[PDB]
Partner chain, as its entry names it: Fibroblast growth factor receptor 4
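Only one chain is given next, in structure tokens, and it is the form solved without its partner chain.
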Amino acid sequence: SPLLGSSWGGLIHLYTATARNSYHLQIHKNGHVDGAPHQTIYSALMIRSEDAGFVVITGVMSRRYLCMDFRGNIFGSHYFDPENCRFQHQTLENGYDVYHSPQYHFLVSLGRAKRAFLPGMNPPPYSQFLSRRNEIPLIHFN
């Protein structure tokens, strides 16, 4: 499905390129967040950039904001809460990206192992992301 620059929707799929098992972050209609081996309409995200490297991420099809609780668990919420739904984004020296809670420090990741982004150490491979341009034709979104 060859798409033009004016037909991919500006949507991005976050892929755990360096993890042992790589997936695209998926936000389901019910708010559950997991991984999809290949791009799906539910892994298509709108990543809104703000100042100072902060971002607000929304799953286009689920209509939910990516949020995180105090334990680092991520989920999709229909309601935006600044204490849980805004992340600090940053590109590491190795070229991959990480997203972490400015209040809880935990890194966004797909599995049960939650790790805090702390100064003086490197984040684990499973928490590193690569932004992949959406390749799913827009007719599939709704």
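Numbering follows the first chain given and starts at 1.
- Two stretches are in play, 23-31 and 98-106, and the higher mean C-alpha B-factor belongs to 98-106.
- 122-130 and 5-13 differ in mean CA B-factor, and the higher of the two is recorded for 5-13.
- Among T40, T91, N73, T58, the highest C-alpha B-factor recorded in the PDB entry belongs to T91.
- Taking only the listed residues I47, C85, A44, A52, the entry reports the highest CA temperature factor at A52.
Keep in mind that the form solved in complex with its partner chain is missing from the display, and what follows is about it.
- Mapping the unseen interface onto this chain, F106 falls outside it, with no heavy atom inside 4.5 Å of its partner chain in the deposited bound form.
- Contact check for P102: every heavy atom lies farther than 4.5 Å from its partner chain in the deposited bound form.
- Looking at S49, you'd find a heavy atom of it within 4.5 angstroms of its partner chain in the deposited bound form.
- Though the partner is left out of this view, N94 does reach within 4.5 Å of its partner chain in the deposited bound form, counting heavy atoms only.
- Looking at 115-135, the residues that come within 4.5 Å of its partner chain in the deposited bound form, counting any heavy atom, are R115, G120, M121, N122, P123, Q128, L130, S131, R132, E135.
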